[PDB]
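> what would the 3D arrangement of this be:
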Amino acid sequence: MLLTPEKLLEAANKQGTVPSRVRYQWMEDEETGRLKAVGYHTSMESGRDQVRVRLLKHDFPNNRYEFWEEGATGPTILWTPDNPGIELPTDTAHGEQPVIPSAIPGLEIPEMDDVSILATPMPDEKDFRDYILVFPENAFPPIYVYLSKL
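Residues are numbered from 1 along each chain as shown. Okay, here it is:
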């Protein structure tokens, strides 16, 4: 099977997930508050290789695409075709990279550039806040994004 736009849409429509050999996170230094982007090689054995897939909603009145996290009282992630790019109404960190088109399940996310991959034990899911955002009519290619802790 291939992770085509149709398959990704199948996952997004049901708030599902897709495997990924690598996941990223914004690690925090409890002594300065400074953040650092780091990635990890996930293990199928582990079960922490799944990444949430979500469909972006088009907000025409605001000429933007938006995603609302669960229980949010306002948009969490925005994407305006005028810039474009990932933007948040908050001052939280975010990194992103387009997903590899119709790739083998688990290899759809290219390894971020200039982002070290640590060989440490897999962090708790609680410390991960990533998503694969899918656009409605594929007006834009699916994109993987990892945000700093809320």
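> contacts, neighbours, all on C-alpha from now
OK.
> all helices of the chain, in order?
In the chain, the helices defined using DSSP state H lie at 5-13.
> residue at max distance from the center of it?
residue 31 (26.8 Å; C-alpha atoms, centre = their mean).
> now that residue: how far from residue 137?
Between residue 31 and residue 137 the computed distance is 44 Å (C-alpha to C-alpha, to the nearest Å).
> again, but for residue 72
Using C-alpha to C-alpha, we find residue 72 at a distance of 25 Å from residue 137.
> so residue 104 makes contact with residue 18?
No. Between residue 104 and residue 18 there is no contact under C-alpha atoms under 8 Å: 10.9 Å.
> and these two? which has more neighbours close in?
residue 18 (19 against 14; other C-alpha atoms under 10 Å).
> how about residue 128: what's its closest non-neighbour residue?
residue 25 (5.8 Å; C-alpha to C-alpha, 6 or more residues apart in numbering).
> contacts only, for that neighbour.
Counting by C-alpha atoms under 8 Å, 6 or more residues apart in numbering, residue 25 touches 37, 38, 39, 127, 128, 129, 130, 146, 147, 148.
> if I pick residue 37, what's in contact with it?
Residue 37 neighbours (C-alpha under 8 Å, 6+ apart): 24, 25, 26, 27, 115, 116.
> again, only this time at 6 Å
By C-alpha atoms under 6 Å, 6 or more residues apart in numbering, residue 37 lies in contact with 25, 26.
> list the contacts for the closest residue to residue 13 other than its chain neighbours?
The spatial neighbour of residue 13 that comes closest, neighbours along the chain excluded (C-alpha to C-alpha, 6+ apart), is residue 55 at 6.8 Å. With contact set as C-alpha under 6 Å, 6+ apart, residue 55 has these partners: 12, 133, 134, 135.
> quick one: the strands in the chain?
Taking DSSP state E, the strands of the chain run over residues 17-19, 22-28, 35-41, 50-55, 57-59, 64-67, 77-79, 86-87, 94-98, 117-118, 130-134, 143-147.
> winner for burial among the ones you listed?
strand 130-134 (a mean of 23; mean count of other C-alpha atoms under 10 Å).
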